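Dropping protein02.cif in here (mmCIF, C-alpha atoms):
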```cif
data_query
loop_
_atom_site.label_atom_id
_atom_site.label_comp_id
_atom_site.auth_asym_id
_atom_site.auth_seq_id
_atom_site.Cartn_x
_atom_site.Cartn_y
_atom_site.Cartn_z
CA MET P 1 268.07 -5.62 92.55
CA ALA P 2 267.72 -8.78 94.67
CA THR P 3 264.68 -7.30 96.40
CA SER P 4 264.11 -10.33 98.65
CA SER P 5 263.68 -8.08 101.68
CA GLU P 6 264.88 -4.70 100.49
CA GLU P 7 266.32 -3.10 97.38
CA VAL P 8 269.96 -4.16 97.12
CA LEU P 9 272.18 -1.65 95.35
CA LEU P 10 275.60 -3.21 95.91
CA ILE P 11 276.05 -6.97 95.90
CA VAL P 12 279.39 -8.04 97.30
CA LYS P 13 280.08 -11.75 96.89
CA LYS P 14 282.61 -13.94 98.70
CA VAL P 15 282.28 -12.14 102.02
CA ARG P 16 282.76 -13.66 105.43
CA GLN P 17 281.72 -12.72 108.91
CA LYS P 18 283.59 -14.27 111.82
CA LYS P 19 284.04 -17.79 110.37
CA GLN P 20 280.87 -17.55 108.32
CA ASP P 21 281.29 -17.71 104.55
CA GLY P 22 278.62 -15.83 102.67
CA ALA P 23 277.79 -12.71 100.74
CA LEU P 24 277.31 -9.05 101.50
CA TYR P 25 274.37 -7.10 100.08
CA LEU P 26 273.98 -3.35 100.56
CA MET P 27 270.29 -2.45 100.58
CA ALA P 28 268.79 1.04 100.33
CA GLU P 29 268.41 1.41 104.11
CA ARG P 30 270.73 -1.30 105.46
CA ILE P 31 273.85 -3.35 104.90
CA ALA P 32 272.79 -6.96 105.16
CA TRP P 33 275.04 -9.94 104.92
CA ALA P 34 273.89 -13.51 104.32
CA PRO P 35 275.59 -16.93 104.18
CA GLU P 36 276.14 -18.53 100.78
CA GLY P 37 273.26 -20.91 100.28
CA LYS P 38 270.90 -19.12 102.63
CA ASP P 39 267.78 -17.25 101.56
CA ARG P 40 267.95 -15.00 104.61
CA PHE P 41 270.45 -12.37 105.66
CA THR P 42 271.71 -13.33 109.11
CA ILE P 43 273.02 -9.81 109.58
CA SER P 44 271.38 -6.54 108.82
CA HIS P 45 272.59 -3.15 110.04
CA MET P 46 270.80 0.07 109.27
CA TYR P 47 273.18 2.85 108.29
CA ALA P 48 271.79 4.76 111.24
CA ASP P 49 273.13 2.23 113.75
CA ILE P 50 276.46 2.19 112.05
CA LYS P 51 278.52 4.76 113.93
CA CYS P 52 281.54 4.41 111.63
CA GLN P 53 282.97 2.16 108.91
CA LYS P 54 286.58 0.99 109.07
CA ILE P 55 288.27 -0.97 106.32
CA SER P 56 291.59 -2.79 105.98
CA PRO P 57 293.15 -2.20 102.51
CA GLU P 58 295.94 -3.99 100.59
CA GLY P 59 298.99 -5.13 102.52
CA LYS P 60 297.19 -7.84 104.41
CA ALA P 61 295.83 -11.03 102.86
CA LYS P 62 292.58 -10.11 104.53
CA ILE P 63 290.50 -7.16 103.44
CA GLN P 64 287.93 -6.28 106.05
CA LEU P 65 285.01 -3.96 106.56
CA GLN P 66 284.38 -3.36 110.23
CA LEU P 67 281.13 -1.60 111.05
CA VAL P 68 281.72 0.10 114.37
CA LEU P 69 278.37 0.74 115.92
CA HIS P 70 277.31 3.38 118.47
CA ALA P 71 277.70 1.27 121.62
CA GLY P 72 281.15 0.32 120.45
CA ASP P 73 279.94 -2.77 118.67
CA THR P 74 281.28 -3.88 115.35
CA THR P 75 280.66 -6.10 112.36
CA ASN P 76 283.65 -7.81 110.73
CA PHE P 77 282.94 -8.40 107.05
CA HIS P 78 285.94 -9.97 105.40
CA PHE P 79 286.10 -9.46 101.65
CA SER P 80 287.46 -12.81 100.52
CA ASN P 81 287.06 -12.50 96.75
CA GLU P 82 290.64 -13.14 95.59
CA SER P 83 289.78 -11.29 92.37
CA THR P 84 288.65 -7.87 93.68
CA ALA P 85 288.53 -8.38 97.48
CA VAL P 86 290.04 -4.95 98.12
CA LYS P 87 288.23 -3.25 95.27
CA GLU P 88 285.04 -4.61 96.76
CA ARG P 89 285.95 -2.97 100.06
CA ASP P 90 286.44 0.41 98.36
CA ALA P 91 283.07 0.29 96.57
CA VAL P 92 281.19 -0.96 99.65
CA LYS P 93 283.09 1.82 101.45
CA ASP P 94 282.29 4.75 99.16
CA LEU P 95 278.72 3.59 98.95
CA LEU P 96 278.07 2.69 102.62
CA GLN P 97 279.87 5.81 103.70
CA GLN P 98 277.51 7.86 101.50
CA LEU P 99 274.66 5.77 102.89
CA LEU P 100 275.56 6.87 106.41
CA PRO P 101 274.72 10.63 106.20
CA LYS P 102 271.37 9.53 104.82
CA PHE P 103 270.78 8.10 108.29
CA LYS P 104 272.66 10.84 110.12
CA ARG P 105 271.63 14.25 111.42
CA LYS P 106 270.79 16.75 108.69
CA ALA P 107 271.59 20.45 108.42
CA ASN P 108 269.69 21.96 111.34
CA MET R 1 284.18 -21.78 107.81
CA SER R 2 287.32 -19.68 108.15
CA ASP R 3 288.91 -18.84 111.51
CA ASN R 4 291.00 -16.23 109.73
CA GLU R 5 288.75 -13.45 111.05
CA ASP R 6 289.97 -14.16 114.54
CA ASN R 7 293.53 -14.99 113.59
CA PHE R 8 294.44 -11.37 113.13
CA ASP R 9 295.42 -8.69 115.60
CA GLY R 10 295.96 -5.26 114.30
CA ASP R 11 294.10 -5.27 110.99
CA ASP R 12 295.49 -2.35 108.93
CA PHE R 13 291.97 -0.87 108.93
CA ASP R 14 292.06 2.17 106.73
CA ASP R 15 289.58 4.06 108.81
CA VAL R 16 287.11 5.60 106.49
CA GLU R 17 285.00 8.21 108.15
CA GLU R 18 282.48 9.76 105.77
CA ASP R 19 282.68 13.55 105.51
CA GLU R 20 281.19 15.01 102.34
CA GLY R 21 279.96 18.57 101.99
CA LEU R 22 282.84 20.09 103.93
CA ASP R 23 284.23 23.60 103.48
CA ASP R 24 286.96 24.45 100.96
CA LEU R 25 289.06 26.97 102.91
CA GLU R 26 291.49 28.50 100.40
CA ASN R 27 293.74 29.28 103.37
CA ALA R 28 294.27 25.54 103.89
CA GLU R 29 297.59 25.62 102.04
CA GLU R 30 301.24 26.23 102.90
CA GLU R 31 302.75 26.63 99.43
CA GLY R 32 303.00 29.92 97.58
CA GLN R 33 305.98 29.45 95.30
CA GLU R 34 306.34 28.05 91.79
CA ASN R 35 305.28 24.46 92.39
CA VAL R 36 306.03 22.83 89.07
CA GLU R 37 304.79 19.50 87.75
CA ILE R 38 307.39 17.11 86.37
CA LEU R 39 305.70 15.08 83.65
CA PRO R 40 307.26 12.74 81.08
CA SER R 41 306.86 14.12 77.56
CA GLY R 42 305.39 12.20 74.69
CA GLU R 43 301.83 13.00 75.59
CA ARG R 44 302.73 16.65 75.63
CA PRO R 45 299.79 18.41 77.29
CA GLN R 46 299.89 22.13 76.63
CA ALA R 47 297.56 25.10 76.83
CA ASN R 48 296.39 27.17 73.85
CA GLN R 49 297.57 30.67 74.73
CA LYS R 50 300.83 32.61 74.81
CA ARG R 51 302.88 31.82 77.89
CA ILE R 52 303.56 34.47 80.46
CA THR R 53 306.68 33.04 82.07
CA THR R 54 310.24 32.78 80.76
CA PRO R 55 311.75 29.97 78.65
CA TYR R 56 314.69 29.58 81.01
CA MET R 57 315.60 27.04 83.64
CA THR R 58 317.20 27.95 86.95
CA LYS R 59 318.62 25.68 89.65
CA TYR R 60 315.08 24.93 90.84
CA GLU R 61 313.66 23.18 87.80
CA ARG R 62 317.12 21.89 86.88
CA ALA R 63 317.63 20.05 90.15
CA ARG R 64 314.05 18.77 90.05
CA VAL R 65 314.41 17.39 86.53
CA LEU R 66 317.90 16.08 87.33
CA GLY R 67 316.70 14.24 90.42
CA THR R 68 313.78 12.75 88.51
CA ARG R 69 316.02 11.80 85.59
CA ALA R 70 318.66 10.21 87.81
CA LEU R 71 315.80 8.24 89.27
CA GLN R 72 314.89 7.20 85.72
CA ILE R 73 318.40 6.21 84.63
CA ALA R 74 318.97 4.60 88.01
CA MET R 75 316.10 2.33 86.94
CA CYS R 76 318.10 1.50 83.78
CA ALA R 77 316.69 4.29 81.60
CA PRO R 78 318.27 4.78 78.14
CA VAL R 79 320.76 7.64 77.82
CA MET R 80 319.96 10.43 75.33
CA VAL R 81 323.46 11.94 75.45
CA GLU R 82 326.96 11.08 74.47
CA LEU R 83 329.17 9.16 76.90
CA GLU R 84 332.72 10.38 77.47
CA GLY R 85 333.02 8.52 80.75
CA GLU R 86 329.67 9.44 82.32
CA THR R 87 328.57 6.19 83.93
CA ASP R 88 326.47 7.71 86.70
CA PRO R 89 322.81 8.83 86.36
CA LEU R 90 323.64 12.31 87.67
CA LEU R 91 326.48 12.88 85.20
CA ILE R 92 324.37 11.69 82.28
CA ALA R 93 321.30 13.60 83.45
CA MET R 94 323.44 16.72 83.83
CA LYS R 95 324.64 16.32 80.25
CA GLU R 96 321.10 15.72 79.00
CA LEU R 97 319.68 18.61 81.02
CA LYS R 98 322.40 20.97 79.79
CA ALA R 99 321.66 19.90 76.24
CA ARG R 100 317.87 19.90 76.79
CA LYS R 101 317.95 16.26 75.74
CA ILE R 102 315.80 15.29 78.72
CA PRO R 103 312.24 14.51 77.63
CA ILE R 104 310.10 16.06 80.37
CA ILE R 105 307.36 18.69 80.52
CA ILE R 106 307.62 21.15 83.41
CA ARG R 107 304.26 22.65 84.33
CA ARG R 108 304.83 25.86 86.30
CA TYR R 109 302.31 27.15 88.84
CA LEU R 110 301.79 30.72 90.00
CA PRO R 111 300.54 31.91 93.45
CA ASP R 112 297.34 33.06 91.73
CA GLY R 113 296.48 29.49 90.82
CA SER R 114 297.53 29.61 87.17
CA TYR R 115 299.75 27.05 85.45
CA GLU R 116 301.86 26.97 82.30
CA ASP R 117 303.39 23.97 80.55
CA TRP R 118 307.10 24.24 79.78
CA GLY R 119 309.14 21.55 78.07
CA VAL R 120 312.88 21.20 78.71
CA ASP R 121 313.24 21.75 75.00
CA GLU R 122 311.55 25.13 75.40
CA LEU R 123 313.77 26.11 78.33
CA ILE R 124 317.24 27.58 78.15
CA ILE R 125 319.07 26.05 81.08
CA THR R 126 321.67 28.34 82.57
CA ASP R 127 324.09 26.16 84.49
#
```
If you convert what's in this file into structure tokens, what do you get?
Amino acid sequence: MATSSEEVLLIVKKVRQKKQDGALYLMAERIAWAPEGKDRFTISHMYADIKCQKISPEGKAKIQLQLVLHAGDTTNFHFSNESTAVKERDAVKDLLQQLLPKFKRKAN
Amino acid sequence: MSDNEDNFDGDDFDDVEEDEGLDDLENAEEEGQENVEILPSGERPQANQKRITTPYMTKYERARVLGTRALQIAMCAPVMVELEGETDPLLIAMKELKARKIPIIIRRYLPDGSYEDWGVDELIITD
């Protein structure tokens, strides 16, 4: 759904990125995050470019999804939905993580 | 705007590296004894065949049930036995265990991978 640029499978609301309050949308080929009130995703990472996904679980008042890229880069997506902030993380995790091998080397 | 994403240092990032489609490796274990499951009865999950083990309880299952029961009573669990001075979870649990008054299902496991459910009520505890 939310095919404004690509087919979004997982829509994660109340997500922030380094002082930017917005929303995270996982599309078929890329994880794109946009600011709340913006029609355009200011961040879009293809699962290919995402070298690894790290995620801070309960314990901290800040649940975060850090997309560590190949070069050593990263993308800090803070799940700030007081309701299911961590549960969001887990779903975005299980999904994105499964989205990765799709953009990784196959059996050969 | 929230400067909370730069107000941290050491985020407890539960590193999640995807790795699906890996090998099983049956040799990836260290146990080979009777690893039994200590479950609280009332739901009573049991199989539908004759059991192959013995309806007796040694110091293995006893101590396991006792430790788990002391943990229960230590949390203010109701006592199922008579009190003749027993004011400690261990004493009470020992009385309950010896009388099979402890409601707990002990699922035994064999080195072959099989498992059999065994309630304390079905086990003759030899102190």
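Applied to the file shown here, the PyMOL selection byres ((chain P) within 8 of (chain R)) selects residues 17, 18, 19, 20, 21, 52, 53, 54, 55, 56, 57, 59, 60, 64, 65, 76, 78, 93, 97, 98, 100 and 101 of chain P.
With distances taken over only C-alpha atoms, R:119 is the one residue among R:119, R:85, R:21, R:67 lying closest to residue 105 (chain R).
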Please list as a PyMOL selection string every residue within 7 Å of residue 55 (chain R), counting all atoms listed in the file and excluding residues in the same chain fewer than 3 positions away. chain R and resi 122-124
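Each of R:89, R:63, R:112, R:104 was checked against residue 75 (chain R) using only C-alpha atoms; the smallest atom-to-atom distance is that of R:89.
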For the file shown, what are the residues hit by the PyMOL selection byres ((chain P and resi 8-10) around 8), laid out as an NGL selection string? :P and (1-3 or 6-7 or 11-12 or 25-28 or 92)
